[PDB]
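Okay, so here's just one chain, in structure tokens, the form deposited in one PDB entry.
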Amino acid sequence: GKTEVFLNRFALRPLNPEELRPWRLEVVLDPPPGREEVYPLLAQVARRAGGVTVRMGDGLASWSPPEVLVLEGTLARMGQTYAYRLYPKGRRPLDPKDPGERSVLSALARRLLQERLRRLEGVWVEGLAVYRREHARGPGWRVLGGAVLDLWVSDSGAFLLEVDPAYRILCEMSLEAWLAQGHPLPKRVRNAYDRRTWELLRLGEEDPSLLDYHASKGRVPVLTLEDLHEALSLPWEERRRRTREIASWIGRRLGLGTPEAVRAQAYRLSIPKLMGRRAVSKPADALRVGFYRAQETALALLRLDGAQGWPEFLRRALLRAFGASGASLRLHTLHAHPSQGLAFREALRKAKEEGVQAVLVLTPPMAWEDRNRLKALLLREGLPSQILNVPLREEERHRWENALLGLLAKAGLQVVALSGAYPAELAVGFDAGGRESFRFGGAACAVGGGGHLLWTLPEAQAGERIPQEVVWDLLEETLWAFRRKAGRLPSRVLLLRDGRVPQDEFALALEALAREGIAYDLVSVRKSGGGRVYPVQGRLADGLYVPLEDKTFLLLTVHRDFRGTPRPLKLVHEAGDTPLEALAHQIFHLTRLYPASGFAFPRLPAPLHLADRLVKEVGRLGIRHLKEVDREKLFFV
């Protein structure tokens, strides 16, 4: 399975000696910014200065003659108005080899690209985006299509051009006109003079000088989700097609040479052997076939509508599943209503006492906040719950079948397990509570084996805490849970993190896995930024592994339709001595272990996928000590 592919990266000309050694300016601000506003300002100064200049260190580097740049002037930020000055401390050499420096060069590259689009006649430009054609139209509205662009500097002092087809929605109507016809509100609006997106509160029932003002000078709402249905995406061949063009058109007016598509060797990883009681292609099939390992169960039904017992096909469905499945279950019906107060609560008490592992709630669509309340409630009483909206016909097969898969997972049932041998016996994923680092908590889920998966929540608080400890705590708890549920501590773990947050935040975490004598591989997953992958000949397979530079690579976990193009994940092996194929192979296999869908695997590997849902759910509900629940009950899916 060795194929060759194109990347939406285009190789260009090697950076000359002047571009490698940009000018270095010193920056003097009055009054002194302050530790965390200085960087934003320098950036905001690089823009004022003009030319191809970006921020480098505490002052900026440039590619435009220091003479042509605006050396003095003023600017405002968060209230304060500052005065700036620039003093040209010569040319400083940058080394593409040095990642840090390779970053100052790359920046200038974006500024350069951004300056060239700025001067393009007859073309719409928005940031680094350029729309060169009209794709759609209609009543005072239209879609322009082009490509989001990017220009960075190679690891070998060369230029790189990234291209990716994109669409742009533009309102042809004006603020009034729009409001006219009978259109609701617009969150953003941009002047008809300068494209300054703006947050408008509403129409000002005010005065009539405001008019003279504009009149003296001689002198439209931005849209998002205000469009009637008469397809935003593109199929890979078409966006592979539009890429080549747009790239050949743009490169043809940047004066850096012919863009040369960068080829790369890929590999078709092995198909995952997904297993229930018998082989199974998608988790749903476990319902007809039978689960891998299935404990007895006891499920409760909570009807919040008018009806009474279990809709027969549901009773059947289950009874048929546990049938082919090893053990058998026992249904239950809660005879209380959330309003019944202590009555209802005491009911959950009996429900959990009498065995019940998870409740299935049949109810008309629930207003967001009512939903969260019921779930938190049932949850404190230690009962995970699956909601299935009531208007339900038995041909809505797919919908109630997911509800069931959820119910079961919420009950702690191992729907399907992966048949085979893998490097890490335990793969745990972490997702942060504070976006940029685990300084403000986070969560983590793992998948092992038997083949059982579980979840973990940070040691209670609110208030900062050394990231690394927060992180080791997450891994520490996960290891424990794995013992009391399998009896044995894994010999090799696979740590998956969302890449955004730094890395050494896992340092102490690794230190411990060291002392505790246990193997490990630390891999970072980035959902976006892995460009695109198009084969040169043949079709686009699923499960493609494409090694890039040192220890980083692109994996394509899915390709489930021919009306869109897949978005490969980028992965970087930052620790461990396991061969990249073994990793890719395991990461690509952990994609079939998500139990809540059952008709389509998620793009990410289940450990990271479950991590995020556990976090969003921890926020949506108000979990602090949801610790009455067994860690193998996926209450958050």
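Sequential numbering from 1, following the sequence displayed. The term rigid core refers to the most C-alpha atoms you can superpose between the two forms while keeping them within 1.5 Å.
- Among other compared entries that model residues flanking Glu230, a third or more give it no coordinates.
- Unmodelled residues of the deposited sequence between neighbouring positions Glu353 and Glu354 number none; the chain is continuous.
- Going from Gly449 to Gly450, you skip over 1 to 3 residues of the deposited sequence that the entry leaves unmodelled.
- As the entry records it, the average C-alpha temperature factor is higher for 114-122, out of 239-247 and 114-122.
- Here 89-97 and 309-317 are compared by their mean Cα B-factor, and 89-97 comes out higher.
- By the numbers in the PDB entry, the CA B factor is greatest at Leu75 among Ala367, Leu342, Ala109, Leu75.
- The residue among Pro391, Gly257, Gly434, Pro384 whose C-alpha atom has the highest B-factor in the PDB entry is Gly434.
- Per-chain ranking of the deposited C-alpha B factor places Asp561 in the highest third.
- Placement of the Cα temperature factor of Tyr520 within the chain: middle third of the modelled residues, per the deposited record.
- Ranked by C-alpha B-factor against the other modelled residues of its chain, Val68 falls in the highest third.
- Sort the modelled residues of the chain by CA B factor and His229 lands in the highest third.
- In the deposited entry, the Cα temperature factor of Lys410 places it in the lowest third of its chain's modelled residues.
Omitted here: the form deposited in another entry. The next part is about that form.
- Looking at CA displacements between this form and the one not shown with the core superposed, a shift of 2 Å or more is confined, among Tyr534, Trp310, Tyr422, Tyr84, to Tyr84.
- The Cα position of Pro602 differs by less than 2 Å between this form and the one not shown after fitting on the rigid core.
- If you fit the rigid core between this form and the one not shown, you'll see the Cα of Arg196 move by 2 angstroms or more.
- Annotation: Cα of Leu225 displaced by at least 2 Å between this form and the one not shown, core superposition.
- In that other deposited form, the CA atoms of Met56 and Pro467 move farther apart by at least 3 angstroms compared with the shown structure.
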